[PDB]
Amino acid sequence: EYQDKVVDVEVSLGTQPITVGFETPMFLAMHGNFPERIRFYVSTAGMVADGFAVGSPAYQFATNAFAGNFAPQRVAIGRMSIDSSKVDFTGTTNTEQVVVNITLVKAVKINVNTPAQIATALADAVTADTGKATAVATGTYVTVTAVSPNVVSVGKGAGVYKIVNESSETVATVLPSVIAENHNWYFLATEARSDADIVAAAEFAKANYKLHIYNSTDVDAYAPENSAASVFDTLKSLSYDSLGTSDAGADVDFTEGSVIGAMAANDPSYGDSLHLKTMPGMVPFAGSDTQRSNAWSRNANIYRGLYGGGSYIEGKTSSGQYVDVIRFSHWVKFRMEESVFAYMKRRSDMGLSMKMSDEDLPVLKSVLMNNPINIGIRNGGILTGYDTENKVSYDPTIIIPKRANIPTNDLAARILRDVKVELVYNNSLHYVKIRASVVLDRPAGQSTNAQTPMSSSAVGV
Amino acid sequence: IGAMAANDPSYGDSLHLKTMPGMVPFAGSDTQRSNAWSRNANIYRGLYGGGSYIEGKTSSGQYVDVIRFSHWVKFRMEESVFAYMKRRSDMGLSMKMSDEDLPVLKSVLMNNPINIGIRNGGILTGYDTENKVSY
Amino acid sequence: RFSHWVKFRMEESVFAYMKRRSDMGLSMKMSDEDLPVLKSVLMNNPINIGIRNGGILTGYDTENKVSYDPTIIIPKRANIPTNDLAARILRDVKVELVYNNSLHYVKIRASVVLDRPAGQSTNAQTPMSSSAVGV
Amino acid sequence: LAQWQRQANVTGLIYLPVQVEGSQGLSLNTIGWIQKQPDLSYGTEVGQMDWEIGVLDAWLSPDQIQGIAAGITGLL
Amino acid sequence: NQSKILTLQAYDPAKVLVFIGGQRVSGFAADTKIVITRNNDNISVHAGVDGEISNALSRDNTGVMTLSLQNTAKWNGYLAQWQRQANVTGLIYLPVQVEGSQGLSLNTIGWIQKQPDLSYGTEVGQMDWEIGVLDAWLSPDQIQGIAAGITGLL
Amino acid sequence: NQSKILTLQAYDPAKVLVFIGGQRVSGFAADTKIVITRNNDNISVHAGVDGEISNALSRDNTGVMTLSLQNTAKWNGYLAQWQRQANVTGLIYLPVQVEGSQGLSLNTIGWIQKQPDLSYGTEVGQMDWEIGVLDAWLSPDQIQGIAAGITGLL
Amino acid sequence: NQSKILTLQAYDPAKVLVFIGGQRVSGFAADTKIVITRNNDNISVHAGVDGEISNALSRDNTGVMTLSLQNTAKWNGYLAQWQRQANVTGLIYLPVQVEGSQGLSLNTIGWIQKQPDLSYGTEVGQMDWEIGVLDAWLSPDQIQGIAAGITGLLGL
Amino acid sequence: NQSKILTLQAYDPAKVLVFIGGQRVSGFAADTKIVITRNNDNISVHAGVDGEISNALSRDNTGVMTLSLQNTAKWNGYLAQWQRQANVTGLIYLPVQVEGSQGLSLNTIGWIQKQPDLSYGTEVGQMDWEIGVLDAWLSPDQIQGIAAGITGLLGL
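Protein chains in written order, with the authors' numbering: chain B, 3 to 20, 22 to 107, 111 to 118, 122 to 138, 142 to 473; chain C, 272 to 406; chain D, 339 to 473; chain H, 81 to 156; chain G, 3 to 156; chain H', 3 to 156; chain I, 3 to 158; chain J, 3 to 158. A prime marks a further copy of an entry chain.
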């Protein structure tokens with residue numbers, strides 16, 4: 003290369019540039036902007052460059068994810084083939100509808122009356138606007157479809173409505189394909205929010221050690237406990253583990269990104285939870301106070317505002333276990349496989365591969381105690397010490413067998429078994445109670461006893 | 272309400288003898304005033320040309336300022352604890368039930384609700400020589 | 339104009355320092371023992387001149403809760419790609435500044451009284467900064 | 081502490097709570113501030129820096145110990 | 003509870019570089035290497051009889067940095083020549099920057115304040131040049147973390 | 003990084019020659035041999051309340067050089083006779099030059115300021131004549147190198 | 003009662019702003035920036051022949067303001083040039099404002115009274131300008147909760 | 003704001019030049035070379051009977067200049083001879099100039115006011131000459147950026 007200046011200075015305006024370890028989320032959207040089934044993006048501006056329309060479900064998810072306090076710097080997007088799209092006006096609106104729309111980059115304009126008139130008006134402007145896109149109103153909504161293999165993307169803005177994409181590919185069948193291209197993603201979110209589609213993803217994630225998150229606008233979420241007509245009830249019965257929370261914008265803003273934005277960079281080793289964490293973009297729950305009680309029994313978390321701010325209350329999963337415990341279990345699993353695996357490769361590549369004998373097996377205590385266990389203790393996620401009531405110690409234990417104790421069959425297969433480990437989890441604080449008292453005037457003189465208080469009554473036999 | 276909305280409970284200030292712009296002096300006789308008093312029905316009585324509220328007592332007989340004080344203690348005591356917990360969770364270092372962190376709550380409670388109530392004189396302190404008990 | 343001044347008078351100071359070293363025979367070398375010196379050079383000519391004259395803001399902001407002090411970061415020898423060692427190029431040096439705005443338009447809200455200056459309430463209590471009810 | 085000193089200098093708020101809990105002795109709970117910064121020495125061994133913190137009130141409190149004999153004591 | 007190591011990297015005195023005027027200083031003596039101290043207290047307190055107390059913020063940050071060097075180092079001659087030149091011409095200010103290994107740092111403008119005594123004996127002696135600095139605020143730039151906003155229940 | 007030797011020649015105390023009036027002085031005592039110190043600071047600083055600081059250059063270079071000699075050296079008698087002669091006549095100034103081995107040097111005009119105490123005991127004692135010098139600036143003449151112009155980003 | 007902090011934020015000497023003519027003044031020295039004082043008392047008392055006390059308010063409110071500066075500050079030259087110009091033409095009156103921090107403030111019209119004395123010595127010297135001011139009544143201004151307190155005082 | 007260096011080069015006592023008659027003066031002593039002071043204030047104030055303040059500029063500008071010297075300097079003899087000659091003939095006026103460093107300067111015509119007092123003691127003594135000067139207005143001169151600053155001040 004040739005450099006014309008000995009020193010070169012780039013000067014920009016607005017802010018200085020923001022790299023850490025994080026877990027990427029994956030959002031399974033419906034689009035046709037690339038032939039691949041998974042692609043990584045680092046910013047919203049990258050999405051629109053690929054033909055994504057502003058306000059589209061994929062764009063709304065990404066913008067919320069990057070706005071969190073623990074936001075990741077790289078998101079992943081799935082792909083399902085679009086069959087059509089809808090713009091639904093089953094709701095009153097009294098302002099111009101700036102419906103962004105992109106082919107292969112315009113912004114349709116509408117003016118407002123009744124939903125039927127405005128829906129018809131929009132279809133009129135789509136036609137005679142570009143005779144290669146389909147638009148037809150039907151009662152109270154407009155269906156938009158591409159006539160040819162041409163990318164079409166419908167956005168959002170300045171109006172009161174929702175976009176509902178449709179596809180023929182079921183979630184249960186798409187997921188095995190996307191995981192084939194790449195598996196470097198931890199959180200799983202899905203655009204298709206049908207009752208059956210959500211359950212299918214939950215079963216898949218459980219068997220693949222992924223974490224499933226979903227929002228829902230269902231009114232049955234906080235309905236009376238007897239009415240088991242909500243998706244939350246179905247998951248609870250199946251004993252699945254998924255983090256769901258009721259929110260009114262779940263289908264207009266796709267607030268899953270805000271929830272993920274507060275977990276991506278939060279390493280489980282600290283034992284921190286989602287209690288009282290701030291979600292930047294969700295709206296406080298409004299349903300009275302009894303409605304809050306119904307949701308809690310449903311394991312349907314809510315975003316609740318107190319003292320001027322917003323606070324996420326309890327991250328109970330569908331089965332009832334707290335989320336921070338579930339993330340810890342996955343953290344323990346992943347960081348013990350890598351630690352042991354990484355040690356065997358350092359020995360296999362030196363020619364001195366590890367061998368099954370009593371002079372080599374004991375070394376694992378130094379490996380396991382080093383990477384996974386010691387980090388937890390330093391960060392406070394693992395308890396240690398002594399218990400004064402049960403009279404037991406919390407120190408982690410590691411037991412390794414002996415060559416004489418291994419069946420002859422296992423030596424032929426060259427596989428070790430029955431390594432056992434114990435740990436104690438450290439629980440955060442969620443609720444507190446206080447018993448204050450007030451004295452009005454001159455409380456009576458106290459007892460003058462000045463002896464050490466005897467701790468037990470003499471008569472016990 | 273115009274004489275209580277901006278009155279901070281931390282001062283222990285009573286509603287006695289406060290002016291009520293808009294009301295009229297009570298015209299009952301001396302005996303009538305006594306009857307209303309036993310009823311716990313406060314009156315607005317004019318003295319020496321002005322007008323003044325009287326005794327601020329509630330239905331159950333408890334003084335209103337005490338009732339207001341109790342609510343202020345409750346509302347502004349849970350708020351301070353809640354605010355401190357939220358700050359810790361936002362940093363990722365949420366509070367944990369261990370002897371190394373529980374003691375911190377003494378500093379939090381002494382900060383917002385208590386010390387504010389001592390500067391303004393709402394909360395007594397010192398030593399009493401009849402009861403021989405500290406406050 | 340400010341941006342151009344920063345560019346022109348920032349490369350000049352670094353260039354001048356490098357030349358002086360080479361004239362003595364002790365030219366600069368890409369090692370951790372000499373790279374840090376660039377902090378003193380940059381703070382000397384471009385920055386400190388811009389702080390005395392008020393062009394560059396400093397201090398602490400309580401709304402953003404972010405400081406405004408200039409920062410400088412210099413790569414260490416462990417992060418330079420092997421290719422740049424062959425080509426002898428150092429990059430990724432990062433600086434941060436805050437610009438100070440002048441004043442253009444001012445608005446006044448005068449008021450002329452006729453009978454009496456507006457009176458104020460006799461509430462001599464310290465004004466509370468927040469509402470107790472927060473639910 | 082250095083960052084807090086700089087921030088308190090630029091803005092002005094310099095008071096923060098200070099609480100000390102003893103194991104088997106007296107305690108302390110008041111409001112404190114940073115008064116003097118310590119010297120920074122660099123040598124063969126790792127050195128020590130003594131930050132000087134001032135407190136509004138320095139009364140030690142026997143809260144942890146149980147017993148009320150102050151009323152009992154005293155033949156004044 | 004188990005003992006915890008503070009920093010993953012040992013404190014190496016050779017990583018504490020001293021830069022005066024843009025040149026690295028070499029030839030330090032034994033025991034201590036750099037001593038940095040302020041001149042006055044940061045906050046003064048005015049105690050009252052009744053009990054009211056008020057504090058004031060000091061606006062003076064003058065400090066003294068002590069450099070210890072062996073008698074056989076060329077930097078002694080460098081400093082003597084610089085002293086003579088500053089005396090004859092008048093310009094006495096030069097930049098001073100100190101980079102810590104695992105501790106605080108310092109970057110201000112300094113000057114030569116006091117020359118040290120020169121002793122000659124059986125062993126090689128030590129001379130402590132006294133350098134004054136405009137501001138003596140130590141900077142935690144090397145350490146990563148922003149908790150000052152988090153801390154503080156004022 | 004490897005340790006580096008500073009100077010290729012060892013510091014030999016016998017190469018630190020002392021010349022007073024043109025004669026070499028012999029008969030020094032144990033421990034220290036020459037101690038050279040100034041009297042006042044080189045630069046004074048006037049700290050301001052707001053923060054502005056200004057410095058002044060000292061115009062006084064008076065210093066005190068301490069010579070330690072044994073009780074059995076003829077130079078004690080030499081100094082006593084010189085003191086008496088300077089007292090009776092009046093001329094008290096004589097040249098003083100000190101040449102360092104691997105360190106700084108000194109060359110000014112000096113005089114006898116204070117006479118030392120004389121103790122007599124079981125062992126041979128030590129007497130420290132105090133010699134004052136007009137200027138106490140140490141000179142790096144022996145060391146070769148001109149980097150003062152190179153140094154300095156003021 | 004126990005101890006109490008008088009204020010919330012500490013008094014900061016750099017926060018005190020001094021304006022002469024319309025420009026901030028920099029270059030203060032030592033441990034005293036400004037000193038504001040009056041020339042006469044507010045009330046003079048006279049004894050009677052049978053115990054009566056008669057008090058008379060004063061109608062003179064001039065005062066002095068001592069400004070301490072280093073002899074290396076440009077404001078010394080500014081003041082000297084202003085003094086020469088005032089002597090030549092006649093205009094001597096310029097506005098003076100001092101904005102105190104957690105304390106009383108001043109806003110009036112001032113003039114240059116007496117030129118200080120230079121002293122070239124070993125250290126850096128100090129020059130003290132006496133600035134006379136028309137009205138020397140200090141104003142609470144920034145301090146809040148003063149209007150209510152004033153009406154609280156009783157007297158007859 | 004943070005700290006700031008008032009100047010670029012340090013004040014140097016030897017850089018201050020004192021000229022009497024046309025020759026530089028050497029032989030200063032102790033820790034104070036010269037002291038320049040005035041005799042009267044620049045403005046005198048008078049109170050009125052109804053609050054008015056009247057100010058009057060002074061028309062006297064004489065001052066004093068104390069020169070501190072050792073009693074081993076030849077300038078002592080120079081001044082003594084000049085004093086005797088002036089007493090005999092009558093010529094007493096000679097030029098005086100002081101060129102300050104990073105400070106105010108002086109240029110006027112002076113005379114010898116009072117002879118100091120000798121004191122032979124154990125140590126070397128000090129003699130202080132009072133030199134009176136016609137005009138004692140200090141001039142910014144070397145200090146730059148003063149003409150622009152003077153026009154910046156507002157007043158009415």
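Built from N, CA and C at the ideal position, the CB exists for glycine as well.
Around residue 139 of chain J, the same chain offers 63 as residues with beta carbons nearer than 8 Å, after the five sequence neighbours per side are excluded. Restricting attention to C:397, C:369 and C:290, the CA atom closest to the CA of residue 395 of chain B is found in C:369. Taking 7 Å as the cut-off, the Cβ atoms of residue 33 of chain B and residue 105 of chain B do not count as close.
For residue 201 of chain B, no alpha helix (DSSP H) segment is defined; the enclosing uninterrupted segment is the beta strand (DSSP E) at 199-202. Residue 7 of chain B sits in coil when the DSSP states are folded into three classes, being neither helix nor strand. Nearest CB-CB separation between residue 149 of chain I and chain D: below the 7 Å threshold.
The continuous beta strand (DSSP E) containing residue 28 of chain B extends over residues 28-31. Counted as a single uninterrupted DSSP element, the stretch harbouring residue 44 of chain G is not any alpha helix (DSSP H), since DSSP gives it neither H nor E.
Taking the C-beta atoms as reference points, residue 68 of chain B is found nearer than 7 Å to residue 269 of chain B. Secondary structure of residue 37 of chain J (DSSP, three-state): strand. In the structure shown, residue 78 of chain G adopts helical secondary structure according to DSSP, grouped into three states.
Nearest neighbour of residue 298 of chain C by Cα position, chosen from C:287, C:318 and C:279, turns out to be C:318. Residue contact with chain D for residue 30 of chain G: absent (no Cβ-Cβ distance below 7 Å to any residue of chain D). For the stretch 313-350 of chain B, the full-length beta strand (DSSP E) segments reaching 3 residues or more read 313-318 and 321-325 along the chain.
Measuring C-alpha to C-alpha distances from residue 129 of chain G to each of G:18, G:119, G:65 and G:81 identifies G:119 as the nearest. Bridge pairing for residue 130 of chain I: I:70 [DSSP]. Contact residues of the stretch 110-142 of chain H' toward chain G are 138, 139, 140, 141 and 142 (C-beta to C-beta distance below 9 Å). By the C-beta density criterion, residue 177 of chain B is buried, having at least 16 other C-beta atoms within 10 angstroms. Under the Cβ distance rule, residue 409 of chain D does not count among the residues neighbouring chain I, no pair being separated by less than 7 Å. Here the alpha carbon of residue 144 of chain H' sits roughly 7 Å from the alpha carbon of residue 106 of chain H'.
Checking the DSSP bridge columns, you'll see residue 69 of chain B has no partner listed. The beta-carbon separation of residue 102 of chain B and residue 167 of chain B, rounded to 7 Å, stays under the 8 Å limit for a contact. Under the 7 Å criterion on CB atoms, residue 5 of chain J is classed as interfacial with respect to chain G. Relative to residue 374 of chain D, the option among D:469, D:436 and D:412 whose CA is nearest is D:412. Within the DSSP bridge table, the entry for residue 116 of chain H' names H':132 as partners. Taking a 10 Å sphere around the C-beta of residue 294 of chain C, we find fewer than 16 other C-beta atoms and assign the residue as exposed. The alpha-carbon of residue 320 of chain B is positioned some 7 Å away from that of residue 472 of chain D. Sorting C:326, C:349, C:303 and C:302 by C-alpha distance to the C-alpha of residue 313 of chain C places C:326 at the top.
For the set H':97, H':84 and H':103, the Cα lying nearest the Cα of residue 74 of chain G is the one of H':103.
Looking only at D:372, D:352, D:376 and D:384, the smallest Cα-Cα distance to residue 342 of chain D is reached by D:384.
Within chain G, 149 and 152 have C-beta atoms less than 8 Å from the C-beta of residue 362 of chain C, given in sequence order.
Inside the stretch 196-279 of chain B, DSSP marks whole alpha helix (DSSP H) runs of 4 or more residues at positions 207-220, 243-250 and 268-273, from first to last along the chain.
Among the residues of the stretch 368-402 of chain C, those with a Cβ less than 8 Å away from any Cβ of chain I are 389, 390 and 396, in the order of the chain. From the listed residues J:20, J:69 and J:150, the smallest Cα separation to residue 116 of chain J is found for J:69. Fully enclosed alpha helix (DSSP H) runs of no fewer than 4 residues occupy 376-380 and 386-390 of the stretch 352-404 of chain C, in order along the chain.
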